[PDB]
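Undergrad: So I've got this file, data18.cif, and it contains mmCIF, N, CA and C atoms:
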```cif
data_protein
#
loop_
_atom_site.label_atom_id
_atom_site.label_comp_id
_atom_site.auth_asym_id
_atom_site.auth_seq_id
_atom_site.Cartn_x
_atom_site.Cartn_y
_atom_site.Cartn_z
N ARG Q 106 0.81 -1.19 0.00
CA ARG Q 106 0.00 0.00 0.00
C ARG Q 106 0.85 1.25 0.00
N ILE Q 107 1.95 1.25 0.79
CA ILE Q 107 2.92 2.33 0.87
C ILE Q 107 3.49 2.65 -0.49
N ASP Q 108 3.79 1.61 -1.30
CA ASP Q 108 4.30 1.76 -2.65
C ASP Q 108 3.35 2.54 -3.52
N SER Q 109 2.04 2.21 -3.47
CA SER Q 109 1.00 2.91 -4.20
C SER Q 109 0.95 4.38 -3.85
N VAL Q 110 0.97 4.67 -2.53
CA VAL Q 110 0.92 6.00 -1.96
C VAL Q 110 2.06 6.90 -2.42
N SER Q 111 3.30 6.35 -2.49
CA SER Q 111 4.51 7.10 -2.78
C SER Q 111 4.53 7.74 -4.15
N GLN Q 112 4.00 7.05 -5.19
CA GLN Q 112 3.94 7.53 -6.56
C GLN Q 112 3.17 8.82 -6.60
N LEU Q 113 2.02 8.82 -5.89
CA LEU Q 113 1.04 9.88 -5.85
C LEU Q 113 1.56 11.10 -5.14
N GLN Q 114 2.40 10.91 -4.09
CA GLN Q 114 3.02 12.00 -3.34
C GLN Q 114 3.85 12.90 -4.22
N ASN Q 115 4.72 12.30 -5.07
CA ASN Q 115 5.66 13.02 -5.90
C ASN Q 115 4.91 13.76 -7.00
N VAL Q 116 3.85 13.11 -7.53
CA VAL Q 116 2.96 13.62 -8.56
C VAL Q 116 2.32 14.90 -8.13
N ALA Q 117 1.81 14.96 -6.87
CA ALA Q 117 0.94 15.99 -6.37
C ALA Q 117 1.53 17.38 -6.47
N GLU Q 118 2.82 17.54 -6.12
CA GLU Q 118 3.53 18.79 -6.25
C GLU Q 118 3.82 19.14 -7.70
N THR Q 119 4.43 18.18 -8.44
CA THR Q 119 5.06 18.42 -9.72
C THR Q 119 4.05 18.69 -10.81
N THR Q 120 2.87 18.05 -10.72
CA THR Q 120 1.78 18.18 -11.65
C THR Q 120 1.26 19.59 -11.69
N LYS Q 121 1.24 20.28 -10.53
CA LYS Q 121 0.85 21.66 -10.43
C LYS Q 121 1.80 22.51 -11.23
N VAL Q 122 3.11 22.15 -11.26
CA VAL Q 122 4.10 22.81 -12.09
C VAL Q 122 3.77 22.69 -13.56
N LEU Q 123 3.46 21.48 -14.09
CA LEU Q 123 3.20 21.30 -15.51
C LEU Q 123 1.95 22.01 -15.92
N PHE Q 124 0.94 22.02 -15.03
CA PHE Q 124 -0.36 22.60 -15.25
C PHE Q 124 -0.18 24.05 -15.59
N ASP Q 125 0.65 24.77 -14.79
CA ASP Q 125 0.99 26.16 -14.98
C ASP Q 125 1.76 26.35 -16.25
N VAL Q 126 2.81 25.50 -16.47
CA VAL Q 126 3.78 25.56 -17.54
C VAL Q 126 3.10 25.51 -18.88
N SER Q 127 2.08 24.63 -19.02
CA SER Q 127 1.33 24.43 -20.23
C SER Q 127 0.58 25.68 -20.61
N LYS Q 128 -0.11 26.31 -19.63
CA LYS Q 128 -0.85 27.53 -19.83
C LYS Q 128 0.06 28.69 -20.15
N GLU Q 129 1.28 28.71 -19.55
CA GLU Q 129 2.32 29.70 -19.78
C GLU Q 129 2.77 29.65 -21.21
N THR Q 130 2.98 28.43 -21.74
CA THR Q 130 3.35 28.18 -23.11
C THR Q 130 2.31 28.72 -24.07
N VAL Q 131 1.00 28.50 -23.78
CA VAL Q 131 -0.13 28.94 -24.59
C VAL Q 131 -0.13 30.44 -24.77
N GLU Q 132 0.26 31.19 -23.72
CA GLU Q 132 0.44 32.62 -23.79
C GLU Q 132 1.47 33.03 -24.82
N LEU Q 133 2.61 32.30 -24.88
CA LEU Q 133 3.68 32.56 -25.83
C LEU Q 133 3.23 32.45 -27.26
N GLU Q 134 2.33 31.50 -27.57
CA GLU Q 134 1.81 31.31 -28.90
C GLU Q 134 0.91 32.44 -29.33
N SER Q 135 0.21 33.11 -28.38
CA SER Q 135 -0.58 34.28 -28.67
C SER Q 135 0.26 35.36 -29.29
N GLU Q 136 1.46 35.58 -28.71
CA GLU Q 136 2.38 36.58 -29.14
C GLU Q 136 2.96 36.21 -30.48
N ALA Q 137 3.13 34.90 -30.73
CA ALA Q 137 3.57 34.36 -31.99
C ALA Q 137 2.66 34.70 -33.14
N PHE Q 138 1.34 34.84 -32.88
CA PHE Q 138 0.38 35.31 -33.86
C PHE Q 138 0.70 36.69 -34.34
N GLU Q 139 1.19 37.57 -33.44
CA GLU Q 139 1.52 38.93 -33.80
C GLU Q 139 2.63 38.95 -34.81
N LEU Q 140 3.63 38.06 -34.60
CA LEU Q 140 4.69 37.77 -35.51
C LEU Q 140 4.17 37.30 -36.84
N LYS Q 141 3.20 36.36 -36.86
CA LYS Q 141 2.68 35.78 -38.08
C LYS Q 141 2.13 36.82 -39.03
N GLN Q 142 1.40 37.83 -38.50
CA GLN Q 142 0.86 38.86 -39.35
C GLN Q 142 1.94 39.75 -39.91
N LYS Q 143 3.02 39.99 -39.14
CA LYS Q 143 4.21 40.68 -39.59
C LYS Q 143 4.90 39.97 -40.73
N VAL Q 144 5.06 38.63 -40.61
CA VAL Q 144 5.67 37.77 -41.59
C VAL Q 144 4.96 37.91 -42.91
N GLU Q 145 3.61 37.89 -42.86
CA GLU Q 145 2.77 37.94 -44.03
C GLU Q 145 2.97 39.22 -44.79
N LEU Q 146 3.00 40.37 -44.07
CA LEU Q 146 2.99 41.68 -44.69
C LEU Q 146 4.25 41.89 -45.48
N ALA Q 147 5.37 41.43 -44.91
CA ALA Q 147 6.66 41.46 -45.53
C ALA Q 147 6.75 40.64 -46.77
N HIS Q 148 6.22 39.40 -46.72
CA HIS Q 148 6.24 38.49 -47.83
C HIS Q 148 5.51 39.06 -49.02
N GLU Q 149 4.32 39.65 -48.79
CA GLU Q 149 3.49 40.22 -49.81
C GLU Q 149 4.18 41.37 -50.49
N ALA Q 150 4.78 42.25 -49.66
CA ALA Q 150 5.54 43.38 -50.12
C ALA Q 150 6.72 42.99 -50.98
N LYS Q 151 7.47 41.94 -50.57
CA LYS Q 151 8.60 41.43 -51.30
C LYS Q 151 8.23 40.88 -52.64
N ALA Q 152 7.05 40.23 -52.72
CA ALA Q 152 6.59 39.59 -53.92
C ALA Q 152 6.23 40.60 -54.97
N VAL Q 153 5.46 41.65 -54.58
CA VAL Q 153 5.10 42.73 -55.48
C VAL Q 153 6.32 43.45 -55.98
N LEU Q 154 7.31 43.66 -55.08
CA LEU Q 154 8.54 44.33 -55.36
C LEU Q 154 9.36 43.54 -56.34
N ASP Q 155 9.29 42.20 -56.25
CA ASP Q 155 9.94 41.32 -57.18
C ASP Q 155 9.30 41.44 -58.54
N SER Q 156 7.95 41.55 -58.60
CA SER Q 156 7.23 41.71 -59.84
C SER Q 156 7.57 42.99 -60.53
N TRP Q 157 7.75 44.08 -59.74
CA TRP Q 157 8.14 45.36 -60.25
C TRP Q 157 9.50 45.34 -60.85
N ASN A 1 34.83 56.60 -88.76
CA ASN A 1 34.35 56.91 -90.13
C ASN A 1 32.92 56.48 -90.16
N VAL A 2 32.68 55.19 -90.46
CA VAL A 2 31.39 54.57 -90.41
C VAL A 2 30.95 54.51 -88.97
N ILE A 3 31.93 54.37 -88.05
CA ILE A 3 31.72 54.31 -86.62
C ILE A 3 31.09 55.60 -86.20
N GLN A 4 31.68 56.72 -86.67
CA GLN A 4 31.24 58.04 -86.34
C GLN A 4 29.86 58.26 -86.88
N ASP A 5 29.62 57.80 -88.13
CA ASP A 5 28.36 58.00 -88.81
C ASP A 5 27.26 57.33 -88.04
N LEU A 6 27.49 56.06 -87.63
CA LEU A 6 26.52 55.28 -86.90
C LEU A 6 26.28 55.89 -85.57
N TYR A 7 27.37 56.32 -84.89
CA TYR A 7 27.36 56.78 -83.52
C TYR A 7 26.43 57.96 -83.47
N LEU A 8 26.63 58.87 -84.45
CA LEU A 8 25.95 60.13 -84.55
C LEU A 8 24.50 59.85 -84.79
N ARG A 9 24.23 58.99 -85.80
CA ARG A 9 22.92 58.78 -86.38
C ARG A 9 22.05 58.20 -85.30
N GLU A 10 22.61 57.18 -84.62
CA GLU A 10 21.93 56.35 -83.67
C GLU A 10 21.54 57.17 -82.50
N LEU A 11 22.52 57.93 -81.95
CA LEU A 11 22.38 58.60 -80.69
C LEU A 11 21.33 59.65 -80.84
N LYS A 12 21.51 60.45 -81.90
CA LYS A 12 20.74 61.63 -82.20
C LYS A 12 19.31 61.37 -82.51
N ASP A 13 19.02 60.33 -83.33
CA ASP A 13 17.74 60.28 -84.02
C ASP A 13 16.72 59.61 -83.15
N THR A 14 17.16 58.99 -82.04
CA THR A 14 16.29 58.38 -81.08
C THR A 14 17.30 57.89 -80.11
N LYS A 15 17.19 58.35 -78.85
CA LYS A 15 18.10 57.99 -77.81
C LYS A 15 17.47 56.82 -77.13
N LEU A 16 16.31 57.06 -76.48
CA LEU A 16 15.48 56.05 -75.90
C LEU A 16 14.28 55.86 -76.79
N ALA A 17 13.71 54.64 -76.71
CA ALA A 17 12.44 54.30 -77.30
C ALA A 17 11.40 54.57 -76.25
N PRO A 18 10.18 55.01 -76.57
CA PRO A 18 9.08 55.25 -75.63
C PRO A 18 8.84 54.22 -74.54
N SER A 19 8.34 54.67 -73.36
CA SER A 19 8.05 53.81 -72.23
C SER A 19 7.02 54.56 -71.41
N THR A 20 6.13 53.82 -70.70
CA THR A 20 5.10 54.44 -69.88
C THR A 20 4.96 53.62 -68.63
N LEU A 21 5.07 54.28 -67.45
CA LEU A 21 4.98 53.71 -66.13
C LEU A 21 3.61 53.14 -65.83
N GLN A 22 2.55 53.81 -66.34
CA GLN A 22 1.16 53.45 -66.14
C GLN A 22 0.84 52.09 -66.68
N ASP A 23 1.39 51.76 -67.88
CA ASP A 23 1.18 50.50 -68.57
C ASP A 23 1.78 49.34 -67.80
N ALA A 24 2.91 49.60 -67.10
CA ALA A 24 3.67 48.66 -66.31
C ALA A 24 2.86 48.06 -65.20
N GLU A 25 1.98 48.89 -64.58
CA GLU A 25 1.18 48.59 -63.41
C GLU A 25 0.28 47.41 -63.64
N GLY A 26 -0.30 47.31 -64.85
CA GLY A 26 -1.20 46.24 -65.25
C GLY A 26 -0.52 44.90 -65.23
N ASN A 27 0.78 44.88 -65.61
CA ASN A 27 1.52 43.66 -65.83
C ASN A 27 2.24 43.20 -64.58
N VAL A 28 2.15 43.93 -63.45
CA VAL A 28 2.84 43.57 -62.23
C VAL A 28 1.81 43.43 -61.16
N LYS A 29 2.10 42.58 -60.14
CA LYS A 29 1.20 42.33 -59.04
C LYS A 29 1.10 43.57 -58.17
N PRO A 30 -0.07 44.05 -57.78
CA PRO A 30 -0.17 45.29 -57.03
C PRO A 30 -0.11 44.92 -55.57
N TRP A 31 0.39 45.84 -54.71
CA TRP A 31 0.38 45.68 -53.27
C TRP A 31 -1.04 45.64 -52.80
N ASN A 32 -1.34 44.74 -51.86
CA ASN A 32 -2.66 44.63 -51.30
C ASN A 32 -2.41 44.31 -49.87
N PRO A 33 -3.25 44.74 -48.94
CA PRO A 33 -2.87 44.76 -47.55
C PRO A 33 -3.33 43.46 -46.94
N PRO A 34 -2.74 42.95 -45.86
CA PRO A 34 -3.32 41.86 -45.10
C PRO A 34 -4.65 42.28 -44.51
N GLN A 35 -5.59 41.33 -44.35
CA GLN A 35 -6.93 41.61 -43.91
C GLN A 35 -7.03 41.19 -42.48
N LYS A 36 -7.43 42.15 -41.61
CA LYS A 36 -7.66 42.01 -40.20
C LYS A 36 -6.35 42.05 -39.47
N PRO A 37 -6.21 42.75 -38.35
CA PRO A 37 -5.07 42.59 -37.47
C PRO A 37 -5.20 41.27 -36.77
N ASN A 38 -6.45 40.84 -36.46
CA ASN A 38 -6.80 39.65 -35.73
C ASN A 38 -6.53 39.86 -34.26
N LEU A 39 -7.38 39.23 -33.41
CA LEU A 39 -7.15 39.13 -32.00
C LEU A 39 -7.50 37.70 -31.71
N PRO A 40 -6.70 36.91 -30.99
CA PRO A 40 -7.07 35.57 -30.59
C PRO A 40 -8.27 35.58 -29.67
N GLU A 41 -9.20 34.60 -29.84
CA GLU A 41 -10.39 34.49 -29.05
C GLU A 41 -9.98 34.02 -27.67
N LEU A 42 -10.70 34.47 -26.62
CA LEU A 42 -10.37 34.20 -25.24
C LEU A 42 -10.57 32.72 -24.99
N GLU A 43 -9.46 31.96 -24.91
CA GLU A 43 -9.52 30.52 -24.84
C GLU A 43 -9.85 30.12 -23.43
N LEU A 44 -10.90 29.27 -23.30
CA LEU A 44 -11.38 28.67 -22.08
C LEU A 44 -11.63 29.70 -21.01
N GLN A 45 -12.26 30.83 -21.41
CA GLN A 45 -12.52 31.95 -20.56
C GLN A 45 -13.42 31.57 -19.42
N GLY A 46 -13.00 31.94 -18.19
CA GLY A 46 -13.72 31.74 -16.96
C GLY A 46 -13.81 30.31 -16.46
N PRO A 47 -14.35 30.16 -15.25
CA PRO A 47 -14.62 28.88 -14.60
C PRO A 47 -15.82 28.13 -15.12
N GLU A 48 -16.47 28.51 -16.25
CA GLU A 48 -17.55 27.73 -16.82
C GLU A 48 -17.03 26.38 -17.23
N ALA A 49 -15.83 26.42 -17.85
CA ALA A 49 -15.05 25.29 -18.26
C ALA A 49 -14.57 24.50 -17.08
N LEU A 50 -14.05 25.18 -16.03
CA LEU A 50 -13.49 24.56 -14.84
C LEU A 50 -14.46 23.78 -14.04
N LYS A 51 -15.67 24.35 -13.84
CA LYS A 51 -16.72 23.73 -13.07
C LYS A 51 -17.14 22.50 -13.81
N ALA A 52 -17.21 22.63 -15.16
CA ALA A 52 -17.53 21.55 -16.06
C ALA A 52 -16.49 20.48 -15.97
N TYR A 53 -15.18 20.84 -15.98
CA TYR A 53 -14.05 19.93 -15.99
C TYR A 53 -13.91 19.18 -14.71
N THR A 54 -14.11 19.85 -13.55
CA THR A 54 -14.01 19.22 -12.25
C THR A 54 -15.06 18.16 -12.14
N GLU A 55 -16.29 18.49 -12.58
CA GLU A 55 -17.36 17.53 -12.58
C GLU A 55 -17.14 16.43 -13.59
N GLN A 56 -16.73 16.81 -14.83
CA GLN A 56 -16.61 15.94 -15.98
C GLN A 56 -15.60 14.88 -15.78
N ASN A 57 -14.44 15.30 -15.27
CA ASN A 57 -13.39 14.42 -14.94
C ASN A 57 -13.18 14.76 -13.52
N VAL A 58 -13.70 13.86 -12.68
CA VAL A 58 -13.47 13.81 -11.27
C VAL A 58 -12.54 12.63 -11.13
N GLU A 59 -11.98 12.15 -12.29
CA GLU A 59 -11.17 10.97 -12.41
C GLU A 59 -9.96 11.12 -11.56
N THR A 60 -9.73 10.07 -10.76
CA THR A 60 -8.62 9.98 -9.86
C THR A 60 -7.41 9.51 -10.62
N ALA A 61 -6.27 9.49 -9.91
CA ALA A 61 -4.99 9.19 -10.47
C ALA A 61 -4.57 7.96 -9.72
N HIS A 62 -4.57 6.79 -10.40
CA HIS A 62 -4.24 5.50 -9.81
C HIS A 62 -2.87 5.08 -10.37
#
```
Translate the structure of the given file into structure tokens.
TA:
Amino acid sequence: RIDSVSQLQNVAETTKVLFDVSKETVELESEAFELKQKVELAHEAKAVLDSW
Amino acid sequence: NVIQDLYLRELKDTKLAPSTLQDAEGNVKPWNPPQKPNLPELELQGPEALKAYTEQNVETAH
């Protein structure tokens, strides 16, 4: 029974860490969207400029 | 001699051939702007999801 209990003890603290970490990561991707629109604008501009 | 004759004739009688910037525009891709700045939708906003999740998965860790 002690063996069963021990696995769960270590989990209880560390899982709270991942829970936070995952949501923290999701925030970073929001900011990545801002980059994506920047990437697009440049590409379009370069293409027209190439045509010119 | 002939060099001079050609040089003179060529340069003088037409330097450049006609060109128009307006005509160029049709044949090249025009700049067009990206549509929407966009804002990401508020993902899993509020405890509506949480209350649902706690109930939905009350699943223990074995």
Undergrad: Using only C-alpha atoms, select each residue of chain A with any atom at most 7 Å away from an atom of chain Q, and give the selection as a PyMOL selection string.
TA: chain A and resi 28-31+34+40
Undergrad: Quick one: distance from atom CA of residue 46 of chain A to atom CA of residue 127 of chain Q in Å, one decimal?
TA: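 Atom CA of residue 127 of chain Q lies 17.0 Å from atom CA of residue 46 of chain A.
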Undergrad: Quote the spacing between atom CA of residue 62 of chain A and atom CA of residue 111 of chain Q in Å to one decimal place.
TA: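 Those two atoms sit 11.3 Å apart.
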Undergrad: Rounded to one decimal in Å, what is the spacing between atom N of residue 32 of chain A and atom CA of residue 133 of chain Q?
TA: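 Going from atom N of residue 32 of chain A over to atom CA of residue 133 of chain Q covers 29.2 Å.
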Undergrad: If DSSP is run on the backbone, what residues of chain A are helix (DSSP H, G or I)? A reply as a PyMOL selection string would be ideal.
TA: chain A and resi 2-13+21-26+48-56
Undergrad: Give the padded box for segment 25-29 of chain A as lines of an AutoDock Vina configuration file: axis-aligned, covering all atoms listed in the file, 8 Å on each side, centre and edge lengths in Å to one decimal.
TA:
```
center_x = 0.8
center_y = 45.6
center_z = -62.0
size_x = 20.0
size_y = 22.6
size_z = 23.7
```
